[PDB]
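**Q**
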Amino acid sequence: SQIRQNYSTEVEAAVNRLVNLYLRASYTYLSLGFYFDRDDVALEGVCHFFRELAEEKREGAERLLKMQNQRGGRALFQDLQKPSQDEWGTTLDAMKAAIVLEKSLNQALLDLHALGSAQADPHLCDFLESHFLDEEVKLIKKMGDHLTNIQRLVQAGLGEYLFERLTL
Amino acid sequence: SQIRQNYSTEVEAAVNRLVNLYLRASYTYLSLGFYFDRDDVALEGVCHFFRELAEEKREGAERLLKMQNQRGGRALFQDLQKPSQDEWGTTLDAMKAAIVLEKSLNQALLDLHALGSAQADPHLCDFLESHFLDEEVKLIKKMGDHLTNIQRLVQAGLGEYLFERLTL
Amino acid sequence: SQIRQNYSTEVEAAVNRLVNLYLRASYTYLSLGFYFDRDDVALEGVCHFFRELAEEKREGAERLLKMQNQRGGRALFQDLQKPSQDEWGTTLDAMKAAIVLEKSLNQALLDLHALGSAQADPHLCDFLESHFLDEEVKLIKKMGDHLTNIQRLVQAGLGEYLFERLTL
Amino acid sequence: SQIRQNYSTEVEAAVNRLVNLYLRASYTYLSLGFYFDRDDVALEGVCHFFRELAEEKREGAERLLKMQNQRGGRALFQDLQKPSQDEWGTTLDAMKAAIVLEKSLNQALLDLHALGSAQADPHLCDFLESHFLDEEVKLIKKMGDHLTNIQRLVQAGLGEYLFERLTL
Amino acid sequence: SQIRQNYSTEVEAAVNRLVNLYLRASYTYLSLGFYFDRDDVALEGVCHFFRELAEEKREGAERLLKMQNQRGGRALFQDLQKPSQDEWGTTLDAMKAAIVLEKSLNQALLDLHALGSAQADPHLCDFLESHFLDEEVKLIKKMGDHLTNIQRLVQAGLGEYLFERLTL
Ligand SMILES: Cc1cccc(C)c1O
Ligand SMILES: Cc1cccc(C)c1O
Ligand SMILES: Cc1cccc(C)c1O
């Protein structure tokens, strides 16, 4: 690219991989959201929580794709793997799955930051710090808070209802 | 009728029957509503839920009667049978009874749609699709969601109170 | 009932009967209204007059049902008999039928008031006086005024049109 | 056409025919409107009624032409036959002629719907149901209501005047 | 009195007694209210419920005193007996005590109405019907509704908390 400067092929490839991970996360959250919208699950607050996260993850992917082009890299898309489960169990099970997912995204962000530092690419490092790393820490803290509250509420049916009504 | 066109006697009769079913449903919901207003039941959210449905079903009947006249058919009214119960048990029992009732109305709508299709009466088919079929699907989904939440809440007294307070 | 006080079984039963009479009146007015909406009758002011009365009578029934519960009585519903006619003739015939109907409701109100007085139930007596007796006197006077005007207008077709256009 | 999909030549031709029928109806209503504007007829409400219908029918034709292009069919225009009469008699005669005209348009709509169903063309079927079939049923009901009122008013001159003044 | 007309000494005395009963009820509610404000009871919604009732009963007494003077009777005050309890137990116990109290006031109202009827004093009868009898029926129905909800909630501590939070 006529504009490409200080942008390694290793970072370019890792950015494409991260786009795939964010889109896969978005898809997972779409599945989680609609599972809680089932008439035999019917926890609307939980459905809304996950549908909002599907949107956030898609936005993250789009920000990464915008950055790829700004740097003169070339977006390459791969298949989006279907989510790991078809049914997500209880709100507790779902929130545990979500925190696992977020920690995996966060690790990928940290890995890419480390690569950027090794390649002396401060624009990449700043980009990740500014738009992703703090968002992930905040989200993981929120999920941990939710998990603790869900666990303390498990009369499991009553607890699940109250969490959805009074927290979400 | 000077205006009657493509409107079979079979559909005309079936529309009159459907008016009766909607008015009977409205009456059933009136009974459900006032049962939950009893001082020894006293679940105001549940009373409101069913009184609103009584109004919706009456409106449905009135829309059908308007359509009967628009097509040049002749409204014929029959007795409105009293509701199947005098006392409706718990919120769970009542919501189960309501979903049974709605599924029976929906089946009648589907039967009339099938008759309209067989008689090549697209105005009737459109009318039902536009004003009734989706309303019924939405309502049945809502009732199913409510049933699931009520069931998960059954400390049955506490659960019944919380559902009325926090959902309805 | 824990709340029931000075409320006789005779009044409780008579209130349930009166609910049935009001709902039957509402149904009769629904039939009258839609008859005047027929394309071969087509008197919109008359249709509106009777549909408004259907609503008023239903509201009366609902007020009675509310009162039944306030007093600790138990609502019991019976079948709603179909209206006495399928076709209602001229506006004159219909208005005569309506005044007959209202006078029958008024007599039932007066009978219930008399029962309340005999049972020394002043809350019932006040309730009827406050919400029903004057409403009925006003409505019957209005119908009598309408009958007189309709009769003076009978060139019967022209008169019927003018009454609908200029009074209703 | 590059865009044409599931759109039969039979439906394409029938749509062109229907455009012609709607434009012919519009022309007929233009003639009716100006006849009632003659100084020796002079019924302004009747003139307005028919001029409004001329506009509605032209709009219907334009909607059909828009749809023809949306589907990749090719609009073909034919002569517009002059209306069946040069003078339209009384308001009663004119309203009878209008209801005959509307019933013929409605039959053409029903015929085209049947063709669409036979050709498994649900976009066409929906289009007609959504924009034409209910409009026609409503209009025919209104005309039938008007005919009944005009007939009841026939002192024919006085009745014609009053209908124009008080209904139209 | 120069103004006294159709106002018996029996009714005058009974009105003074009723003033005392209303003021005693107000005092009882003051005691109930402050009991629920104790730091070792601490149910603010319940405190508010009873303090509002203390105000309503005082207003009732003041209305009776105003009426006594309007009729030319002479207000005579007696001691106000201290409430029947110093401590009121649970919300359930308190609501039971309140409904007992209200039923006793209602019986006194009914007794005075009967006296008025026997003395042919229609102003008194109207006064009681208009300002007291329906208020009492409404309040007793509300208390019965509350009792039913409290009973269904008895995990008694949790139920008491939830009723205070979500109903009161
Ligand atoms: C491509 C994709 C997959 C899953 C969820 C979303 C929102 C999305 O855009
Ligand atoms: C139950 C019932 C019967 C007839 C008319 C009305 C409005 C109604 O609610
Ligand atoms: C005199 C009296 C006693 C108790 C409560 C109140 C409000 C009151 O005025």
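Quick mapping for you: the protein sequence lines, in order, are chains P, C, F, Y and L.
Reading the first sequence from the start, the letters are residues 2 to 155, 158 to 171 in the authors' numbering.
Reading the second sequence from the start, the letters are residues 2 to 155, 158 to 171 in the authors' numbering.
Reading the third sequence from the start, the letters are residues 2 to 155, 158 to 171 in the authors' numbering.
Reading the fourth sequence from the start, the letters are residues 2 to 155, 158 to 171 in the authors' numbering.
Reading the fifth sequence from the start, the letters are residues 2 to 155, 158 to 171 in the authors' numbering.
No residue lacks a Cβ here, since even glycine has one placed at the ideal position from N, Cα and C.
1) Counting only beta-carbon atoms, is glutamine 158 of chain C nearer than 8 Å to chain L?
2) Look at the Cβ atom of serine 9 of chain L, then the Cβ atom of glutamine 120 of chain L, and state whether they are nearer than 8 Å.
3) Unbroken alpha helix (DSSP H) runs of length 4 or more, entirely within the stretch 90-146 of chain F: which are they?
4) Under DSSP, the alpha helix (DSSP H) around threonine 29 of chain L begins and ends at which residues?
5) If you draw a straight line from the alpha carbon of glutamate 88 of chain P to that of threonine 170 of chain P, how long is it in whole angstroms?
6) Beta carbon of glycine 74 of chain P, beta carbon of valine 16 of chain P: below 8 Å?
7) From P:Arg5, P:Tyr28, P:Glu63, P:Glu137, pick the residue whose C-alpha is nearest to that of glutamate 103 of chain P; which is it?
8) Using a threshold of 7 Å, is the CB atom of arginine 72 of chain P nearer than that to any non-hydrogen atom of ligand 1?
9) So, for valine 12 of chain C: in the same chain, excluding its five sequence neighbours on each side, which residues have a beta-carbon less than 7 Å away from its beta-carbon?
10) So, with DSSP's three-state summary, where would you put residue 156 of chain C?
11) Quick one: is the Cβ of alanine 55 of chain L within less than 7 Å of any heavy atom of ligand 3?
12) Would you call the stretch 135-154 of chain P and the stretch 29-40 of chain P in contact, with 3 or more CB pairs under 8 Å?
13) Rounded to a whole number of angstroms, what is the C-alpha to C-alpha distance between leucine 19 of chain F and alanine 55 of chain F?
14) Along the stretch 4-30 of chain C, what residues have a CB closer than 8 Å to any CB found in chain Y?
15) Are the CB atoms of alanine 76 of chain C and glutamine 82 of chain C nearer to each other than 8 Å?
16) Can you tell me which of the three DSSP states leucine 81 of chain F falls into?
17) Pick from P:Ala62, P:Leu24, P:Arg25, P:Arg5: whose alpha carbon is nearest that of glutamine 71 of chain P?
18) Leaving out five residues on either side along the sequence, give the residues of the same chain with a beta carbon under 6 Å from the beta carbon of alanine 62 of chain P.
19) Just the C-alpha distance for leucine 161 of chain Y and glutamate 53 of chain F, rounded to the nearest angstrom, thanks.
20) Measuring CA to CA, which of Y:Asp127, Y:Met96, Y:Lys139 is closest to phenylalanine 50 of chain Y?
21) Hey, would you say the C-beta of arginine 64 of chain C is under 7 Å away from at least one heavy atom of ligand 2?
22) How big is the Cα-Cα spacing for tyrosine 164 of chain L and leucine 44 of chain L?
23) Between the alpha carbons of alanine 14 of chain L and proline 84 of chain L, how many angstroms are there, rounded?
24) I want to check one thing, is the minimum distance from the CB of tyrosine 23 of chain F to the heavy atoms of ligand 2 below 7 Å?
25) Would you verify that the beta carbon of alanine 119 of chain F is, or is not, closer than 8 Å to some beta carbon of chain L?
26) Quick one: grab the DSSP three-state call for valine 47 of chain P.
27) Verify the CB distance criterion: does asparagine 150 of chain L have a CB-CB separation below 8 Å to chain C?
28) Could you work out which residues of chain L lie near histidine 132 of chain F, taking near to mean beta carbons separated by less than 7 Å?
29) Which value, in whole angstroms, describes the spacing of the CA atoms of residue 156 of chain F and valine 101 of chain F?
30) Quick one: does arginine 72 of chain F have its CB under 8 Å from some CB of chain L?
31) Can you tell me whether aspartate 112 of chain F is buried or exposed, with buried defined as 16 or more other CB within 10 angstroms of its CB?
32) In or out: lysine 58 of chain L buried (at least 16 other Cβ within 10 Å) or exposed?
33) Shorter than 8 Å from the beta carbon of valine 47 of chain C to some beta carbon of chain L?
34) Would you verify that the beta carbon of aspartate 135 of chain Y is, or is not, closer than 8 Å to some beta carbon of chain F?
35) Excluding sequence positions up to five away, which residues of its chain have a Cβ less than 7 Å from the Cβ of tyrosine 28 of chain C?
36) Taking the alpha-carbon of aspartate 41 of chain C as reference, which of F:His114, F:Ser2, F:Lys139 has the nearest alpha-carbon?
**A** Once the coordinates are examined:
1) What you label residue 158 of chain C is simply residue 155 of the second sequence in a count that begins at 1. Taking Cβ atoms only, chain L reaches closer than 8 Å to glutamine 158 of chain C, which makes this a yes.
2) Within the fifth sequence, the letter at position 8 stands for residue 9 of chain L. Within the fifth sequence, the letter at position 119 stands for residue 120 of chain L. Closer than 8 Å, so yes.
3) 92-119, 123-129
4) The residue you call residue 29 of chain L lines up with position 28 of the fifth sequence. Where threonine 29 of chain L is concerned, the enclosing alpha helix (DSSP H) stretches over 10-37.
5) Locating residue 88 of chain P in the first sequence gives position 87, where the first residue counts as 1. Locating residue 170 of chain P in the first sequence gives position 167, where the first residue counts as 1. Approximately 23 Å, taken between the alpha carbons.
6) Within the first sequence, the letter at position 73 stands for residue 74 of chain P. Within the first sequence, the letter at position 15 stands for residue 16 of chain P. For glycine 74 of chain P and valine 16 of chain P, yes; Cβs fall inside 8 Å.
7) Here residue 103 of chain P refers to the residue found at position 102 when the first sequence is read from its first residue. It is P:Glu137.
8) In the first sequence, counting from the first residue as 1, residue 72 of chain P sits at position 71. The answer is no for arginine 72 of chain P.
9) By one-based count along the second sequence, residue 12 of chain C stands at place 11. In its chain, beyond the 5 residues on either side, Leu116, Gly117, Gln120, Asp122, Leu125 have a beta carbon closer than 7 Å to the beta carbon of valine 12 of chain C.
10) There are no coordinates for residue 156 of chain C in this structure, because the numbering of chain C runs from 155 directly to 158.
11) Position 54 of the fifth sequence, counting from 1, holds the residue named residue 55 of chain L. Result yes, Cβ under 7 Å from ligand 3.
12) With fewer than three CB-CB distances shorter than 8 Å, the stretch 135-154 of chain P does not count as touching the stretch 29-40 of chain P.
13) For the purposes of this step, residue 19 of chain F is taken as residue 18 along the third sequence, with counting starting at 1. For the purposes of this step, residue 55 of chain F is taken as residue 54 along the third sequence, with counting starting at 1. Those two C-alpha atoms are separated by around 15 Å.
14) Within the stretch 4-30 of chain C, the residues whose Cβ lies closer than 8 Å to any Cβ of chain Y are, in chain order, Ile4, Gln6, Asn7.
15) Locating residue 76 of chain C in the second sequence gives position 75, counting from the first residue. Locating residue 82 of chain C in the second sequence gives position 81, counting from the first residue. Going by beta carbons, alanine 76 of chain C and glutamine 82 of chain C fall outside the 8 Å limit.
16) Counting from one through the third sequence, the residue named residue 81 of chain F turns up at place 80. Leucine 81 of chain F falls in the strand class under three-state DSSP.
17) As a first step, residue 71 of chain P must be located in the first sequence, where it is residue number 70. Here the closest residue by C-alpha is P:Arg5.
18) Numbered from 1 along the first sequence, position 61 holds the residue referred to as residue 62 of chain P. Closer than 6 Å at Cβ, skipping near neighbours: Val20, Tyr23, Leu24.
19) Here residue 161 of chain Y refers to the residue found at position 158 of the fourth sequence. Here residue 53 of chain F refers to the residue found at position 52 of the third sequence. Between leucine 161 of chain Y and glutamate 53 of chain F, the C-alpha separation is close to 32 Å.
20) On the fourth sequence, residue 50 of chain Y is found 49 positions in, with the first residue counted as 1. Comparing Cα-Cα distances from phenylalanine 50 of chain Y to each of Y:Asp127, Y:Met96, Y:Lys139, the minimum goes to Y:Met96.
21) Working through the second sequence from its first residue, we reach residue 64 of chain C at position 63. No; taking the cut-off as 7 Å, the Cβ of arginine 64 of chain C has no heavy atom of ligand 2 nearer than that.
22) By one-based count along the fifth sequence, residue 164 of chain L stands at place 161. By one-based count along the fifth sequence, residue 44 of chain L stands at place 43. Distance between the alpha carbons of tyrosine 164 of chain L and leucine 44 of chain L is about 7 Å.
23) Residue 14 of chain L sits at position 13 when you count from the first residue of the fifth sequence. Residue 84 of chain L sits at position 83 when you count from the first residue of the fifth sequence. Using only the alpha carbons, I get a separation of about 23 Å.
24) Here residue 23 of chain F refers to the residue found at position 22 when the third sequence is read from its first residue. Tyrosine 23 of chain F: no, Cβ never under 7 Å from ligand 2.
25) Translated into the one-based positions of the third sequence, residue 119 of chain F becomes position 118. By this cut-off, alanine 119 of chain F is not an interface position.
26) Taking the first residue of the first sequence as position 1, residue 47 of chain P is located at position 46. Of the three classes helix, strand and coil, the one that applies to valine 47 of chain P here is helix, per DSSP.
27) Counted from its first residue, the fifth sequence places residue 150 of chain L at position 149. Cβ-Cβ to chain C under 8 Å: yes for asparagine 150 of chain L.
28) Residue 132 of chain F sits at position 131 when you count from the first residue of the third sequence. What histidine 132 of chain F touches in chain L: nothing, since even the nearest Cβ is about 11 Å away.
29) Not modelled: residue 156 of chain F, which lies between 155 and 158, the two residues flanking a gap in chain F.
30) Taking the third sequence and counting its residues from 1, the one referred to as residue 72 of chain F is at position 71. Using a CB distance cut-off of 8 Å, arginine 72 of chain F counts as an interface residue toward chain L.
31) What you label residue 112 of chain F is simply residue 111 of the third sequence in a count that begins at 1. By the neighbour-count definition (other C-beta atoms within 10 Å, threshold 16), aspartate 112 of chain F is an exposed residue.
32) Your numbering for residue 58 of chain L matches position 57 in the fifth sequence. Buried is the call here.
33) Sequence index remark: in the second sequence, residue 47 of chain C carries index 46 (1-based). No, its Cβ sits nowhere closer than 8 Å to a Cβ of chain L.
34) To locate residue 135 of chain Y, count along the fourth sequence from 1; it is residue 134. It does not; no Cβ of chain F falls within 8 Å.
35) Residue numbering aside, residue 28 of chain C sits at position 27 when the second sequence is read from its first letter. Closer than 7 Å at Cβ, skipping near neighbours: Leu81, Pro84.
36) By one-based count along the second sequence, residue 41 of chain C stands at place 40. Of the listed residues, the one whose Cα sits closest to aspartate 41 of chain C is F:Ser2.
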